[PDB]
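Peer 1: Pasting in a structure now, in structure tokens, and then I'll have a few things to ask.
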Protein chains: 4
Amino acid sequence: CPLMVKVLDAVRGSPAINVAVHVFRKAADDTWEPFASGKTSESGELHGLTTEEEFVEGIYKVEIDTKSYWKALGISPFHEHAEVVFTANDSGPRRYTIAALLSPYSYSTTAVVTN
Amino acid sequence: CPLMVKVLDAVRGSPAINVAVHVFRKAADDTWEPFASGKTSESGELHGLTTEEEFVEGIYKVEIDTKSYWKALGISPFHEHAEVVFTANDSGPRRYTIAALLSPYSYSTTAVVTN
Amino acid sequence: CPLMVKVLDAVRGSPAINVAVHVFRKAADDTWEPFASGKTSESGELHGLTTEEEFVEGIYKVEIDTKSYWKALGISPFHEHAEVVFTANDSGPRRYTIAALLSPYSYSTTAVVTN
Amino acid sequence: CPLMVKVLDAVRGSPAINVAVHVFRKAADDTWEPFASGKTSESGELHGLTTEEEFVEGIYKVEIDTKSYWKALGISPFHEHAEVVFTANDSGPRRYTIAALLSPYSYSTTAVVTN
Ligand SMILES: O=c1cc(-c2ccc(O)cc2)oc2cc(O)cc(O)c12
Ligand SMILES: O=c1cc(-c2ccc(O)cc2)oc2cc(O)cc(O)c12
């Protein structure tokens, strides 16, 4: 799989478990077309979202449902969700890890792009 | 000034100047209506986006045009933009500062909410 | 004011108030000599630590007492403190803002260096 | 191994490879005693630093030589190094991952503590 999502919890110092993640691909008419989704595992990771054959060049949006995550922990959050929007490019390395570090009023995200 | 945006550059250790910012508000029909836009000053700050009267309750999206920023500096970055999505003024008027710290393959964002 | 420290709380979405900060400078004998100290205000800022005359070239350590901050709020955090270590004024006098964003098991820090 | 260090590069969107890491344990006289060290791998990770038997409760410092890393890439950095100082506690989960995300004028660090 060319796309993995990893989510961490900066309040508890843990993986962020059972977080819903939705991936969209930008269509020709600039709408967001559902592409893949899942929930992070006990290690905070979401594997197997797509395949090399399906993951063609284009703009993708990864939506991480941070609000539901914080509410399930009894914590009041700021954001509706975290969004990561990027272009997949065949010129670069083949594997994309989208990582996010979550706090109630803040988040960080980085891309780790490797061969 | 109930909505302010502040952007920093983590490569240069400086304000991120001339960063375009577009704000949207979710409409009754569930689309993103353009609400306000502007660009960061030499201090990396964007003031005057809206007014207390105009900044009513709603779900807002602050889109920070990070790709256009990096590309204007001769850099090819990872993200298209940073999107900050939040419910505002649910418990009455507040003042919101949306801060963002930018790197070519990573960003963080935090909200400072007062009064 | 050539050295300023600003601290934010990522759990509350607020300035981090009453955070103790201790600054050290590496001595000729390679030990950390106490240089200045203070605490953040209601704005999360710490001004007046030093003067242009006193803030000479050197290697400085800014220790932000994050554990004491979280514990004063009834929270058991991970880190003892955040340490920011840097060479200052190597190319002549500059103004340094050390910013830190705090969560119980995570922090970030960035420097804004001007003139 | 109860202690792992992971380092990421926010400029290149990659693991931070061949970064020197030094771990110290705080001695009874408040000095820092060398404990373990190594260099991050091609995946940006440093495994096998210590064992369960050696990693007793106490205060530890993880020093990440960020300055040499940026210089080897031809980039001018701000910090001398990144420091992560924490107490190992047997009450919590047994495995500590210290992660750091590096930019030239900024870094983030979080702890992922698991069983
Ligand atoms: O999101 C951030 C915002 C800020 C910041 C820094 C200075 C301000 O006057 C306002 C906000 O610093 C930071 C420092 C970091 O290391 C990481 C951040 O996300 C931020
Ligand atoms: O976005 C982040 C991702 C990670 C990370 C941690 C472990 C992985 O296997 C992959 C990514 O650590 C971090 C540590 C930080 O202090 C801040 C981050 O944004 C991240």
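As shown in the structure tokens, the chain order sets the letters A, B, ...; within each chain, residues go from 1, and ligands are also counted from 1 in the order they appear.
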If we count only C-alpha atoms and set the cut-off at 6 Å, which residues sit around residue A:1, ignoring sequence neighbours fewer than 5 positions away in its own chain? Please answer as a PDB file with C-alpha atoms, in the first residue's frame.

Peer 2:
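As a result, out_15.pdb now contains:
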ATOM      1  CA  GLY A  48      -4.478  -1.033   3.387  1.00  0.00           C
ATOM      2  CA  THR A  50      -5.561   1.671  -1.341  1.00  0.00           C
ATOM      3  CA  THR A  51      -3.367  -0.085  -3.890  1.00  0.00           C
TER       4      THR A  51
END

Peer 1: With chain A as the partner and 7 Å as the cut-off, tabulate the residues of chain C that qualify, each row holding the nearest pair of atoms and their distance in Å to one decimal, using only C-alpha atoms, sorted by chain and rising number, as a Markdown table.

Peer 2:
| residue | atom | partner | partner_atom | distance |
| --- | --- | --- | --- | --- |
| C:10 | CA | A:105 | CA | 5.2 |
| C:11 | CA | A:104 | CA | 5.1 |
| C:12 | CA | A:105 | CA | 6.6 |
| C:13 | CA | A:105 | CA | 5.1 |
| C:103 | CA | A:11 | CA | 5.8 |
| C:104 | CA | A:11 | CA | 5.1 |
| C:105 | CA | A:13 | CA | 5.1 |
| C:106 | CA | A:10 | CA | 5.4 |

Peer 1: Between D:91, D:68, D:109, D:43, which one has atoms that come closest to ligand 1, using only C-alpha atoms and all ligand atoms?

Peer 2: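 Nearest to ligand 1: D:109.
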
Peer 1: Of the candidates C:5, C:16, C:74, C:36, which shows the shortest atom-to-atom distance to residue C:55, using only C-alpha atoms?

Peer 2: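 Closest to residue C:55 of all the choices is C:36.
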
Peer 1: Please, what distance in Å, to one decimal, runs between atom CA of residue C:99 and atom CA of residue C:4?

Peer 2: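 Computed distance, atom CA of residue C:99 to atom CA of residue C:4, equals 8.4 Å.
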
Peer 1: Looking at only C-alpha atoms and all ligand atoms, which of A:8, A:59, A:49, A:64 is the one that sits closest to ligand 2?

Peer 2: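 When distances to ligand 2 are compared using only C-alpha atoms and all ligand atoms, the smallest one comes from A:8.
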
Peer 1: Nearest to residue A:28 among A:111, A:70, A:58, A:3, with distances taken over only C-alpha atoms: which residue is it?

Peer 2: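 So, comparing all the options, the nearest one is A:58.
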
Peer 1: Among stretch 12-97 of chain B, which ones does DSSP assign to strand (DSSP E or B) (computed from the backbone)? Answer as JSON, numbers by chain.

Peer 2: {"B": [14, 15, 20, 21, 22, 23, 24, 25, 26, 32, 33, 34, 35, 36, 37, 38, 39, 45, 46, 58, 59, 60, 61, 62, 63, 64, 79, 80, 81, 82, 83, 84, 85, 86, 87, 88, 90, 92, 95, 96, 97]}

Peer 1: List the neighbours of residue A:41 out to 10 Å using only C-alpha atoms; skip same-chain residues closer than 2 positions along the sequence, and give me the result as a PyMOL selection string.

Peer 2: chain A and resi 6-7+15-19+38-39+43-47

Peer 1: Using only C-alpha atoms, please write the residues we just selected to a file, as a PDB file, in the first residue's frame.

Peer 2:
ATOM      1  CA  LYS A   6      -0.699   7.350  11.595  1.00  0.00           C
ATOM      2  CA  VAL A   7      -2.301   9.283  14.442  1.00  0.00           C
ATOM      3  CA  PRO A  15      -1.477   6.091  19.685  1.00  0.00           C
ATOM      4  CA  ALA A  16      -4.867   7.582  18.811  1.00  0.00           C
ATOM      5  CA  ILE A  17      -7.008   4.457  18.579  1.00  0.00           C
ATOM      6  CA  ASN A  18     -10.304   3.989  16.694  1.00  0.00           C
ATOM      7  CA  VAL A  19     -10.064   7.347  14.916  1.00  0.00           C
ATOM      8  CA  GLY A  38     -11.173   3.174   7.895  1.00  0.00           C
ATOM      9  CA  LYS A  39     -10.424   3.468  11.594  1.00  0.00           C
ATOM     10  CA  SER A  43      -1.190   1.195  17.175  1.00  0.00           C
ATOM     11  CA  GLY A  44      -2.837   4.332  15.791  1.00  0.00           C
ATOM     12  CA  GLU A  45      -2.232   3.234  12.216  1.00  0.00           C
ATOM     13  CA  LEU A  46      -4.488   2.696   9.252  1.00  0.00           C
ATOM     14  CA  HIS A  47      -3.084   0.347   6.627  1.00  0.00           C
TER      15      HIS A  47
END

Peer 1: Could you give me, as a list in words, each residue of stretch 43-84 of chain C that DSSP assigns to helix (DSSP H, G or I) when run on this structure's backbone?

Peer 2: residues 66, 67, 68, 69, 70, 71 and 72 of chain C

Peer 1: So, counting only C-alpha atoms and all ligand atoms, which residue among C:73, C:23, C:84, C:100 is closest to ligand 1?

Peer 2: C:100

Peer 1: Do you know which residues are at most 6 Å from residue B:24 counting only C-alpha atoms, after dropping those on the same chain fewer than 3 positions away, and could you put them as a list in words?

Peer 2: residues 32, 33, 34, 35, 60 and 61 of chain B

Peer 1: Suppose you want the space between atom CA of residue B:85 and atom CA of residue A:2; what is it in Å?

Peer 2: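 Separation between atom CA of residue B:85 and atom CA of residue A:2: 27.0 Å.
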
Peer 1: Which residue is closest to ligand 1? Choose from C:82, C:115, C:63, C:92 and count only C-alpha atoms and all ligand atoms.

Peer 2: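 Among the listed residues, C:82 lies closest to ligand 1.
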